[PDB]
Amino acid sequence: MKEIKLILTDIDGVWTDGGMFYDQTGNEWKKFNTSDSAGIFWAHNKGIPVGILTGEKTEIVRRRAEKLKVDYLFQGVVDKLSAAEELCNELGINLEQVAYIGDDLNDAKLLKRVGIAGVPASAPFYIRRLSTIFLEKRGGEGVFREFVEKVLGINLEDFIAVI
């Protein structure tokens, strides 16, 4: 598995199943999966930062990012590739050393430029085929955790060590 210095992740359709709950009062919900917090745990255990790119902008994601101690949160992003290219510049790494997981049209250009691209099994076929690794899980099922554990080559030895 190639060398990774940064893990970037989309939210809707990755950390969730794409679900957007609306009530009558203008409030909104997302459903996260606690399993994906272990994706953060593994990244941080390995000294690798995690950044969230999303084109939505919600208090929902702000609070979830905070809860998970995510290193970067970029909301209302319209150009995901530009966002990553710039974060890479500030870190002095290149796209070949980023792992990005996304599921939709707005992710495609970034998925095509990164060192390892991941797309959940639930995503449209034309995005899915941009994946450079196989992911079994659908969004909301812990696919971000699956992506991280693959990208970082997390194995049983690592598991024994942390416990």
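Residue numbers here begin at 1 and follow the sequence given.
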| property | result |
| --- | --- |
| Mean Cα B-factor comparison, 32-40 or 56-64, giving the higher one as deposited | 56-64 |
| Mean temperature factor over C-alpha atoms, higher-scoring stretch between 114-122 and 44-52 | 44-52 |
| Third of the chain's Cα B-factor distribution that residue 69 belongs to, per the entry | highest |
| Chain thirds of CA B-factor: placement of residue 96 | highest |
